[PDB]
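Quick notes on the structure that follows.
Along the sequence shown, residues carry numbers from 1. Worth knowing before you read on, the calculation uses all heavy atoms, side chains too, and leaves out hydrogens, waters and symmetry mates.
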Amino acid sequence: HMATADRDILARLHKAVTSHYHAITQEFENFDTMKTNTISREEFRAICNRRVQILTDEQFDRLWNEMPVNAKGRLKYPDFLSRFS
């Protein structure tokens, strides 16, 4: 969506999700302590830090603009997993 979207970061995020699907899905599960199928923005960034790269605030803000986010500003991870896998 965003004009300054980084297709390289998006492409590598796709690769990361497919290559580490089992582990990443469980990271989501574990952060989702209430099991509402969502995790926090900062928790998602933590996953990005280790699975893709340590994004700058700007890069993360733009990446987040492309994510499936709910009314509370949380990541709808089942939707994320489907798209990036």
Item checked: salt bridge (charged side-chain N to carboxylate O under 4.0 Å, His left out) partners for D61, two or more places apart -> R41
Checklist line | Spacing of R83 atom CZ and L13 atom CG [to the nearest 0.5 Å] | finding: 8.5 Å
Notebook entry, point to check: Does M2 offer a backbone N or O that forms a donor-acceptor pair with the side chain of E66 under 3.5 Å?
Noted result: yes
Next item on the list: Would you sort out whether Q59 and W64 count as a side-chain contact (heavy atoms from CB on, under 4.5 Å), showing the intermediate values?
Entry: CA-CA 9 Å; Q59 297 177 315; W64 187 252; over 6 Å; no
Check: In this structure, which one of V17, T18, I24 forms a side-chain contact (heavy atoms from CB on, under 4.5 Å) with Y21?
Finding: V17
Check: So, are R51 and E27 salt-bridged, with charged N and O less than 4.0 Å apart?
Finding: yes
Check: Hey, what do you get for CG (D79) to CG (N37), rounding to the nearest 0.5 Å?
Finding: 9.0 Å
Next item on the list: Supply the atom-to-atom distance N70 CG to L75 CG, rounded to the nearest 0.5 angstrom.
Entry: 8.5 Å
Check: How would you list, by chain and number, every residue that makes a side chain to side chain donor-acceptor pair (under 3.5 Å) with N65, sequence neighbours excluded?
Finding: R62
Next item on the list: List in chain and number order the residues that pass side-chain contact (heavy atoms from CB on, under 4.5 Å) with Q26, two or more places apart in sequence or in another chain; answer none if no residue qualifies.
Entry: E29
Notebook entry, point to check: Step by step, would you call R45 with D57 a side-chain contact (heavy atoms from CB on, under 4.5 Å)?
Noted result: CA-CA 10 Å; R45 190 172 184 170; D57 290 344; 2.7 Å; yes
Margin query: So that I know where these two stand, are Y77 and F44 an aromatic pair - ring centroids less than 6.0 Å apart?
Written below: no
Checklist line | Approximate separation, where rounding is to 0.5 Å, of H20 NE2 and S85 OG | finding: 14.0 Å
Check: What is the distance from atom CD of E43 to atom OG1 of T33, rounded to the nearest 0.5 Å?
Finding: 7.5 Å
